[PDB]
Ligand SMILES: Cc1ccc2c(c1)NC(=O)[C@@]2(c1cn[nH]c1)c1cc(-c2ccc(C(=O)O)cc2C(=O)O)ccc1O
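Below you'll find only one chain, the form solved without the named molecule, shown as structure tokens.
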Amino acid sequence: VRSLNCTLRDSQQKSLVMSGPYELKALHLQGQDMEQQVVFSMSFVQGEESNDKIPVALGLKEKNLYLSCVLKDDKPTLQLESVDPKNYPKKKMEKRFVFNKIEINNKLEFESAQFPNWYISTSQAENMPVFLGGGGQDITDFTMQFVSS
């Protein structure tokens, strides 16, 4: 399965970094610290090609992890899940790892294909974890930059 290596920055230009074994946080980084951005492997999965939506999976290129959405106490939750890197990416990716990549207002939105109207989100505040959210004050828009280095 062919995928693209990228970094993601929210609509407030906050970069995404690892803060734990299974956690990401969003914060503004100085230009010289741009290399700290977590590297995603975005793969295109077999699925629902509705007008303006494309099914994707988001792996961490440098870890045996994928973003997935599950329920915890009736609440849709984002998590980083350990996988065996040799079996991934899969064309038929498991439902929990599927995100609908939405292109709107020249930006990216990642909706859980498991939880409609739930998106990969960041808070306005500095250095808070990345989560599943979406009235409201959550940031759901991102820009994708390609990895060259």
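Note that the rigid core is defined as the largest set of C-alphas that superpose within 1.5 Å between two forms. The first residue of the sequence shown is number 1, and the count goes up from there. Residues that one form lacks are left out of the comparison.
The stretch of deposited sequence separating residue 134 from residue 135 contains 1 to 3 residues lacking coordinates in this entry. Across the two stretches, 116 to 124 and 61 to 69, the PDB entry reports the greater mean Cα temperature factor for 116 to 124. Taking the deposited Cα B-factors for 84, 35, 103, 81, the highest one is held by 103. Ranked by C-alpha B-factor against the other modelled residues of its chain, residue 88 falls in the middle third.
Per-chain ranking of the deposited C-alpha B factor places residue 44 in the highest third. When the modelled residues of the chain are ordered by their C-alpha B factor, residue 10 lands in the middle third.
Note that the form solved in complex with the named molecule isn't included here; everything after this is about it.
Transferring the named molecule from its position in the entry with it bound by superimposing the surrounding C-alpha atoms places at least three ligand atoms within 2.4 angstroms of backbone or C-beta atoms of the displayed chain; the site is blocked. The named molecule is not drawn, but in the entry with it bound it has no heavy atom within 4.5 Å of residue 47. Contact check for residue 29: every heavy atom lies farther than 4.5 Å from the named molecule in the entry with it bound. Put simply, residue 100 is close to the named molecule in the entry with it bound: some heavy atom of it is within 4.5 Å. The named molecule in the entry with it bound comes within 4.5 Å of no heavy atom belonging to residue 86. Only one entry in 65, 26, 45, 69 has its C-alpha moved by 2 angstroms or more between the shown form and the other one when the rigid core is superposed, and that entry is 45. Compared with the form shown here, the C-alpha atoms of residue 46 and residue 75 sit at least 3 Å farther apart in the entry with it bound. By 3 Å or more, the C-alpha separation between residue 49 and residue 100 grows in the entry with it bound relative to the form shown here. Core-superposed comparison between the shown form and the other one: runs of at least three consecutive shared residues with Cα shifts of 2 Å or more are located at 45 to 51, 61 to 63.
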